[PDB]
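Engineer: Note that the protein sequences, when read in sequence, are chains A and B.
Residue numbers 1039 to 1119, 1134 to 1190, 1845 to 2040, in UniProt numbering, belong to the letters of the first sequence in order.
Residue numbers 1164 to 1173, 1845 to 1865, 1903 to 2180, 2195 to 2302, in UniProt numbering, belong to the letters of the second sequence in order.
Submitted below is the structure of interest, expressed as structure tokens.
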Amino acid sequence: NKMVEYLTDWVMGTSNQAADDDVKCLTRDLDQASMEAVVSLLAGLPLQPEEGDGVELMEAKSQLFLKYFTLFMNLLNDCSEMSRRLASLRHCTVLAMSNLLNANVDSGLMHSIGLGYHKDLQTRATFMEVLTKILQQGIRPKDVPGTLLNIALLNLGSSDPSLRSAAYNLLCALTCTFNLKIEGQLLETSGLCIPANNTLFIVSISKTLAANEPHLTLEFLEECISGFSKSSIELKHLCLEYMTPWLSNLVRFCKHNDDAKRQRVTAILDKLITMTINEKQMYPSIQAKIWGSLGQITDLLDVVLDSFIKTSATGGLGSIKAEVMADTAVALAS
Amino acid sequence: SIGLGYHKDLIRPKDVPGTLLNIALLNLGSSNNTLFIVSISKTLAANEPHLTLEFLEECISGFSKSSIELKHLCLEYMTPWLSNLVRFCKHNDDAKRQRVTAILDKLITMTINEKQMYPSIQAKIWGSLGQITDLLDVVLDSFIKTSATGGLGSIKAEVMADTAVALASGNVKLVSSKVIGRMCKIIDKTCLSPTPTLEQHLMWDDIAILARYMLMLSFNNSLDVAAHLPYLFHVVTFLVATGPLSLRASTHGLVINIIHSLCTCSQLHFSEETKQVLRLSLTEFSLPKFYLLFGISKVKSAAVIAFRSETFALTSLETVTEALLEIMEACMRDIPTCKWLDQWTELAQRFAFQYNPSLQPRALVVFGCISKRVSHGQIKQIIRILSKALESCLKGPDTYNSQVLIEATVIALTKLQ
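Structure (structure tokens):
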């Protein structure tokens, strides 16, 4: 593990220092070879930090893993958009990242969950292929449930056939491992030609998972509200569609005698209010879908109204937040 | 002069009720009364479902000129009115029929154009208009006509193929049966004006357009395989390694998806061994050999090439048909009353002994490979087919078709005997 810190410095040492076409091609070839060497070296390599300053293993492992992961992501995110090397180098980098992640289970996904949404759908596809392997090796895997379910459900309705296939295989793995009452219809496969219009299928899967398995109902909601900002408009519509079936479950985890649970519910409601205030293009959809459904449940009215009032005090009189929440009170009332 | 209600930024007197109600409903939301307007629209649609035609025409017309938020409101309060269109479906008026055709065409143009709200547009309009079992025939006919006008590989054709999944979400059996029956009917009716190959036929555009419908409806058992398996196998046998590379990949994906749906359908309970055979078949169908057998070789993945816009030998078709028959007979060990081989044998012998330039060379081999009991009439017909093909090759300049038919007859005899 010692030489990793060296060749990591060597890797992407001149990712932007090239100045000549021949120099650029030679540096790209050298980077491809070095990436191949690092990928081969990290394959199965445990992540054991050098003995630190009386530190726990968790902190040193997180620091080292984060250093390598950010180095690799900086290399790859700059590696998109020498001309022939652009694809081989990208694949070598992502293979190295996969071999790093698979080696360390409770030292990985914490900082890797942000690659699922990404911007490079090819990157995301590989990420969900990796997670499928990991979950089949028979952050604790309790909170990983909803966080992974959101990623898989969101990535089914993508615009790349490979991405949808990867997401489908991920749901197959997650349902098999976590025993979710989705009646067990999915079977893992490859070469599937998943149709592009999977809105009804994803929405039905989410509805059945919510009703049959309202076990998590919080990690999924937090992840979906977080990722609703990071998606595109069409996927914003899809995400609202399969998140509407879940907002009903928030009632049960609202009156529980836990301060952490109440704070989590309050944060979810605050994020939803912020989404309502900010997203103006699809405003009637957001109202009639989220708030028009949240109003139909009697228990959560006190919490929702209190969040409205607190955000009104924070935003200030005459501010966009005040007007938005005054109007959305009409939607909540109905 | 009623058009001024559909303003810019800030005549029978019976139907003007709806033609003015549309203006009122749209204008109520201009600059949060969306819930009120939507509820008013739903209540009017239910309690007063009298016209349901002038109002829909007016709303579709006004959707084009509205704003994005106004478009959201328009879809929201107009979706409740699409369900009531079922009443004016069995009506015995030619004018009403033309009106419904125009309305469906306008909705199709809206679905194709406004791609921003596309998930919501589909789930609201088509996800509701599918369930009305009376209007399925009209919807599918308009779909096929629009796709034909676009042609294969068109934006309209792709959008219709994608929207067929939404339509079939509601009524899987009806739409699946309609699509399969129309494709089988086109294939059969191809036997009236024979041409040397299918890609040279006049109905090839129809065949290609209807194939992608099955490709998109195959996933997640939206074709009801447990009832349409023989026709799917028949179509695949006639389509294997035919047409452009996109269609070859589509055929491969269709077979893979049909096998997957058969393996993951809950309407047919299977023993452990049968499901194991099916899973092994799905594993084998992705191997490098079958990619060459389907003609989709030197492609990394079939799905990647397929969702975008080479000579074939009868030995390959024999191998593919044998594999499919293995899967089919493996399935049949559990369904006691299954008559699938009878159906496929009937649909193969139908095309085996009737002349055609393109369907007969394939059909003879498929019949030989699939048949379970031959009789002397079949043998005599096969031998006479060989004799007539030899005579045609000797006389007619078309050497390739005659040689292929001779080879098909020889292979059919080899299997049948």
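By construction, the Cβ of each residue, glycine as well, lies at the ideal position given by its N, Cα and C atoms.
Using only CA atoms, which one of A:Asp1060, A:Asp1059, A:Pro1951, A:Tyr1044 lies nearest to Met1073 of chain A?
Structural biologist: Looking at the Cα atoms, A:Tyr1044 is the closest of the given residues.
Engineer: Output the distance between the C-alpha atoms of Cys1063 of chain A and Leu1141 of chain A, rounded to the nearest integer angstrom.
Structural biologist: Cα to Cα, the separation comes out at about 12 Å.
Engineer: Quick one: which residues of the stretch 1909-1935 of chain A get their C-beta closer than 8 Å to a C-beta of chain B? List them in chain order.
Structural biologist: Hits within the stretch, in order: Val1909.
Engineer: Along the chain, where does the alpha helix (DSSP H) containing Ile1857 of chain B start, and where does it finish?
Structural biologist: That run of the alpha helix (DSSP H) goes 1850-1862.
Engineer: I need the boundaries of the alpha helix (DSSP H) containing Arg1970 of chain B, first residue and last residue.
Structural biologist: From DSSP, the alpha helix (DSSP H) with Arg1970 of chain B extends over 1965-1984.
Engineer: Using 7 Å as the threshold, is the C-beta distance between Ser2089 of chain B and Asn2128 of chain B below it?
Structural biologist: Yes. Within cutoff.
Engineer: Can you confirm whether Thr1982 of chain B, when its beta carbon is compared against all beta carbons of chain A, has any partner nearer than 7 Å?
Structural biologist: Taking Cβ atoms only, chain A never reaches closer than 7 Å to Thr1982 of chain B, which makes this a no.
Engineer: Does the beta-carbon distance from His1943 of chain A to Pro1951 of chain B come in below 7 Å?
Structural biologist: In this structure, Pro1951 of chain B does not lie closer than 7 Å to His1943 of chain A by Cβ.
Engineer: From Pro2101 of chain B to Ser2287 of chain B, what does the alpha carbon distance come to, in whole angstroms?
Structural biologist: When rounded, the distance between both Cα atoms is 29 Å.
Engineer: Do the stretch 1853-1861 of chain A and the stretch 1921-1939 of chain A make contact, defined as three or more Cβ pairs closer than 8 Å?
Structural biologist: These segments touch.
Engineer: Closer than 9 Å between beta carbons: that is the criterion. Which residues of the stretch 1982-2009 of chain A meet it against chain B?
Structural biologist: So the close ones are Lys1986, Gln1987, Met1988, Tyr1989, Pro1990, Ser1991, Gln1993, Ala1994, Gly1998.
Engineer: Any C-beta of chain A sitting closer than 7 Å to the C-beta of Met1949 of chain B?
Structural biologist: So, not an interface residue.
Engineer: When you compare each of A:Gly2022, A:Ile1996, A:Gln1969, A:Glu1940 to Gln1987 of chain B by their alpha carbons, which one comes out closest?
Structural biologist: That would be A:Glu1940, whose Cα lies nearest to the Cα of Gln1987 of chain B.
Engineer: Where does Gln2071 of chain B land, buried or exposed, given buried means 16+ other C-beta within 10 angstroms?
Structural biologist: With fewer than 16 Cβ atoms within 10 Å of its Cβ, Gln2071 of chain B is classed as exposed.
Engineer: According to DSSP, is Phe1959 of chain B part of a helix, a strand, or is it coil?
Structural biologist: Coil.
Engineer: Quick check: the Cα distance between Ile1996 of chain A and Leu1922 of chain A, rounded to an integer number of angstroms?
Structural biologist: Using only the alpha carbons, I get a separation of about 19 Å.
Engineer: With DSSP run on the structure shown, which of helix, strand or coil describes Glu1928 of chain B?
Structural biologist: Three-state DSSP puts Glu1928 of chain B in a helix.
Engineer: Taking 7 Å as the threshold (beta carbon to beta carbon), is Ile1857 of chain A in contact with chain B?
Structural biologist: False, the Cβ-Cβ gap to chain B never drops below 7 Å.
Engineer: By Cβ distance below 8 Å, which residues in the same chain neighbour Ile2057 of chain B in space, the five residues on each side in sequence not counted?
Structural biologist: The answer, listed in chain order, is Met2074, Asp2077, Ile2078, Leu2081.
Engineer: Beta-carbon of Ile2127 of chain B versus every beta-carbon of chain A: anything under 7 Å?
Structural biologist: So yes, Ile2127 of chain B belongs to the interface.
Engineer: Tell me the DSSP secondary structure of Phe1934 of chain A in three-state form.
Structural biologist: It is helical.
Engineer: Rounded to the nearest angstrom, how far is the Cβ of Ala2274 of chain B from that of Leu2249 of chain B, given a contact under 8 Å?
Structural biologist: About 10 Å separates the two Cβ atoms, so there is no contact after all.
Engineer: What residues in its chain sit with their C-beta under 7 Å from that of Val2010 of chain A, if we drop five residues either side in the sequence?
Structural biologist: Excluding sequence neighbours, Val2010 of chain A sits near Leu1975, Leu2000, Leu2038.
Engineer: Thinking C-beta only, is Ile2212 of chain B closer than 7 Å to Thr2230 of chain B?
Structural biologist: No, the Cβ-Cβ distance between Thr2230 of chain B and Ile2212 of chain B is not below 7 Å.
Engineer: Measuring CB atoms only, is the stretch 1039-1057 of chain A touching the stretch 1078-1091 of chain A, in the sense that at least three cross pairs come out at less than 8 Å?
Structural biologist: At 8 Å Cβ cutoff, the stretches touch.
Engineer: Among residues of its own chain, excluding the 5 on either side of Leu1924 of chain B, which ones have a beta-carbon nearer than 7 Å to its beta-carbon?
Structural biologist: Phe1959, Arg1970.
Engineer: Please list, in chain order, the chain A residues whose beta carbon lies closer than 9 Å to that of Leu2086 of chain B.
Structural biologist: Within chain A, the residues near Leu2086 of chain B are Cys1899, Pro1901.
Engineer: For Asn2091 of chain B, go through chain A and note every residue whose CB falls closer than 7 Å to its CB, in chain order.
Structural biologist: Per Cβ cutoff of 7 Å: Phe1907.
Engineer: What are the residues of the stretch 2196-2217 of chain B that lie near chain A, defined by any Cβ-Cβ distance shorter than 9 Å?
Structural biologist: Residues passing the 9 Å Cβ filter: none.
Engineer: Any heavy atom of the ligand NAP within a distance shorter than 6 Å of the CB on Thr1950 of chain B?
Structural biologist: With respect to the ligand NAP, the structure offers nothing, as it holds no ligand at all.
Engineer: Pick out whichever of A:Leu1152, A:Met1096, A:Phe1110 has its Cα sitting closest to the Cα of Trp1048 of chain A.
Structural biologist: When only C-alpha atoms are compared, the closest one is A:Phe1110.
Engineer: What's the C-alpha gap between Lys1967 of chain A and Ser2013 of chain A?
Structural biologist: When rounded, the distance between both Cα atoms is 15 Å.
Engineer: Sort A:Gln1189, A:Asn1904, A:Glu1097 by Cα distance to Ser1871 of chain A and report the nearest one.
Structural biologist: For the residues A:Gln1189, A:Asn1904, A:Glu1097, the minimum Cα distance to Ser1871 of chain A belongs to A:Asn1904.
Engineer: Just the chain A side, please: which residues come within less than 8 Å of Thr2135 of chain B by C-beta, in chain order?
Structural biologist: Under the 8 Å cutoff, chain A gives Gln1891, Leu1892, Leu1893.
Engineer: Excluding five sequence neighbours on each side, which residues of the same chain lie with their C-beta closer than 8 Å to the C-beta of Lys2146 of chain B?
Structural biologist: These residues qualify, in order along the chain: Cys2134.
Engineer: Going residue by residue through the stretch 2221-2292 of chain B, where are the continuous alpha helix (DSSP H) segments of at least 4 residues, counting only ones entirely within it?
Structural biologist: Runs found: 2225-2237, 2244-2255, 2261-2280.
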